[PDB]
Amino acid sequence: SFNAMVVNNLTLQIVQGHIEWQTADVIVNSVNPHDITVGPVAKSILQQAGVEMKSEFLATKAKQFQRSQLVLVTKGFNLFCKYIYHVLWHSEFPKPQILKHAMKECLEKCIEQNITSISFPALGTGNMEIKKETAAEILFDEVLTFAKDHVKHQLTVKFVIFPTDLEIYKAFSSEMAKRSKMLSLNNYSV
């Protein structure tokens, strides 16, 4: 069994744990921009970051928010991270399409803000009801695009699967196995 792969300058690991207890430069949240207190990832991150993060979210939303915005950045506050990238769900468009755009944008922001590590939950797989295999294929696709198109930018990416979401874990681990075999990647068990 394995839970990590290395491709070019990118390390990808699947972790069973809590997104809000990660240590990384960036931790990714998943919210309704009109109420960041709804949803288990959202509540998890908010309670751990603290109420000051919500204040900053709201103030940044007032300055920046528009229909085109898919990712809003705040500081990490009491989280063990520099920034939180809040993925914003606020349209009627197909959720896998939104996911793909939001994933690419989070990774592109890693260049802009010179980020060395980023930890994602299984975005879209809860309230947004994206099929586990679809979510896995999109997340892997965008990470591998990054690894090829931004080859000089070292990055450690973690996909953090809630401990009891075993079916999601298995879908992500199956995807890792498929990509690793095809690309002859070296795998690790941590």
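All residue numbers refer to positions in the sequence shown, first residue = 1.
Please report whether at least a third of the other compared entries leave residue 65 without coordinates.
In at least a third of the comparable entries (those modelling both sides of it), residue 65 has no coordinates.
Comparing average C-alpha B factors as deposited, tell me which of 154-162 and 57-65 sits higher.
Stretch with the greater average CA B-factor: 57-65.
Can you tell me which stretch has the higher mean Cα B-factor, 163-171 or 5-13?
Between 163-171 and 5-13, it is 163-171 that shows the higher mean C-alpha B-factor.
Among 90, 109, 101, 86, single out the one with the highest C-alpha B factor in the record, please.
So the option with the highest C-alpha B-factor is 90.
Quick check for you: using the entry's CA B-factors within this chain, is residue 30 in the lowest, middle or highest third?
Lowest third, going by the recorded CA B-factors of the chain.
Please place residue 189 in the lowest, middle or highest third of its chain by C-alpha B factor as given in the entry.
Residue 189: CA B-factor falls in the highest third of its chain.
Modelled-residue ranking by C-alpha temperature factor, third containing residue 38:
Its C-alpha B-factor, which the entry lists for residue 38, ranks in the highest third among residues of this chain.
Ranked by Cα temperature factor within the chain, is residue 97 in the lowest third, the middle third or the highest third?
Answer is lowest: the recorded C-alpha B-factor places it there.
Can you work out whether the C-alpha temperature factor of residue 50 puts it in the lowest, middle or highest third of the chain?
It falls in the top third of the chain.
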